[PDB]
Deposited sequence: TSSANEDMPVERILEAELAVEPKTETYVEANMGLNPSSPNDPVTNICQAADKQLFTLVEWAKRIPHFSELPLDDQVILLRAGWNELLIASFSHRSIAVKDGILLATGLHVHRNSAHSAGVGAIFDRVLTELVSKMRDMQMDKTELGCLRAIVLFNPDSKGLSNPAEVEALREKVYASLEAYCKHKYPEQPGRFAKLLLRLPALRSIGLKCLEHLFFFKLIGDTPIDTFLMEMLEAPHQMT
């Protein structure tokens, strides 16, 4: 069983140079991400190795969806978990304007325009978490089954909460390819920051950047 009420509870439970501040917030949220995942139905029941695989595979997308939704009422910028607001101009002045603008135009603005709610956000993150294509999974079919239960619950929720919007479910799912692309580009940047060594990178963030 995959009740949307439980997913919502998981979201509510974890709610609290420019690049250096952004990376600091990322490290901080990685700890919170683990607590979030444990609250998602059936995640803690999967074998430990698979739990590790799913988190290492989706942490970028999971964190991006979270700060993007948290920034829906912010104009031309994002709100970091540390409480700091980062404006588009600041990101541009730091050399990461292109990827920052993609987050604003492809995610933040779209979430705002459709008024994506916390339940929907939680379900999309749960779908991202339960990625059956993650390499190394001991039982990909089990993870696929969990993903299917999540999107079945999400579709039911959308039709009941927003009956006047027949395309809302599809619209929500169609933000996932953009999230995937942005997450990959973000990872590339992080690898570069690590390579250059000019940006402080905390221990957990650093660990996520280590080889499998």
query	finding
Ranges missing from the model, given as deposited sequence positions	1 to 6, 23 to 40, 237 to 240
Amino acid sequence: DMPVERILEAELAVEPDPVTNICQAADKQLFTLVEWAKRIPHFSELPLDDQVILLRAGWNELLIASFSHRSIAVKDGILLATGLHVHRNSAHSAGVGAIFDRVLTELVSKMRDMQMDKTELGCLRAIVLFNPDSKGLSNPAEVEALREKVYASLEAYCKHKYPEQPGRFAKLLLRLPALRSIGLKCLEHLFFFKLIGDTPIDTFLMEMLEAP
From here on, numbers count along this sequence of modelled residues.
| property | result |
| --- | --- |
| Other entries lacking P16, at least a third | yes |
| 20 to 28 or 6 to 14, whichever carries the higher mean Cα B-factor | 6 to 14 |
| Per the entry, higher mean C-alpha B factor between 114 to 122 and 138 to 146 | 138 to 146 |
| Candidate residues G77, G97, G83, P132, the one whose C-alpha B factor the record puts highest | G83 |
| Residue selected from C158, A65, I182, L173 by maximal Cα B factor | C158 |
| B-factor third for the C-alpha atom of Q165 within its chain | highest |
| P177, C-alpha B-factor rank within chain (lowest, middle or highest third) | lowest |
| Relative C-alpha B-factor of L46, binned into the chain's lowest, middle or highest third | highest |
